[PDB]
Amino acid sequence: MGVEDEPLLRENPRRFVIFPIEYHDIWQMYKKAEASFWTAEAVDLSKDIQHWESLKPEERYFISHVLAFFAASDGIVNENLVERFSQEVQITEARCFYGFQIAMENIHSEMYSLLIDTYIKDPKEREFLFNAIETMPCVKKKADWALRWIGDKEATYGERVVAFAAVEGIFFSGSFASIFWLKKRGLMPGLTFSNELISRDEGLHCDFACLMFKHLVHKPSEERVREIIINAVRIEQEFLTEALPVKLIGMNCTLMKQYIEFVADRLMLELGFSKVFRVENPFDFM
């Protein structure tokens, strides 16, 4: 109390001793992660270029900007895992998971940067896109919001796992949808297949956050969680309708605002709470 009453956060003199397994649910999340390991090199990019050149200039803009956003955010997710989550959490099973997630975030980042390098030959444009945190106004709101939660010294782990479930779950959901939309139009198999791997990986990272949440003894209030989730939805929605609008690739903005609300509902439920928006999923392809 406040931390020593938490099985997840209290001193474990066996934290670096692997066996035996005590938390089987947490352990299996780690085994699932491990069993789905992939490298960036596995993704065949060799047919993507022709599709990319056939695209309209504004689509190539949207897509390059989504890639840059993803690449930048992974780094923020990674910072939090490395500096906080993997430090403060004391159960071995959770540490293995987080250890592996860090590895995977690096492969996610590499993939996004391979996609960028493959499509965009201009090194000035590459640099612009890689430095997206400094160079892209559209990512600011999202990058700032996530970095806040790293630097926040008061906030409990419970509130902070929520925020990063919001990052990997809500902040990514519009862009994931976007690439799945492109699959619907038979465009860029390399991008869209890599997109399947990464969103699966990200959904798993949210599942894990939810599982960590359940094992918390002192959870934040439904009130407080709602506060964070709604806040994250609004930002995502502003990102997708204003800062980098989805019309750029032929999508309905209104329906996207709705889907972001559906994702948040699903995450709220997964966190042991009640829906907030009570809306259906408008996308049969998600």
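For every residue, the number given is its place in the sequence shown, counted from 1.
When 146 to 154 is weighed against 86 to 94, 146 to 154 comes out higher, by mean CA B-factor as recorded in the entry. Taking only CA atoms, the mean B-factor in the PDB entry is higher for 126 to 134 than for the other of 100 to 108 and 126 to 134.
Based on the entry's C-alpha B-factors, the most elevated value among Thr39, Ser36, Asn252, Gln28 belongs to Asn252.
Sorting the modelled residues of the chain by their CA temperature factor places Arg234 in the middle third.
Placement of the Cα temperature factor of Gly186 within the chain: highest third of the modelled residues, per the deposited record.
When the modelled residues of the chain are ordered by C-alpha B-factor, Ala243 sits in the highest third. Among all modelled residues in its chain, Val139 ranks in the highest third by Cα B-factor. Per the deposited record, the Cα B-factor of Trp52 falls in the highest third when ranked against the other modelled residues of its chain.
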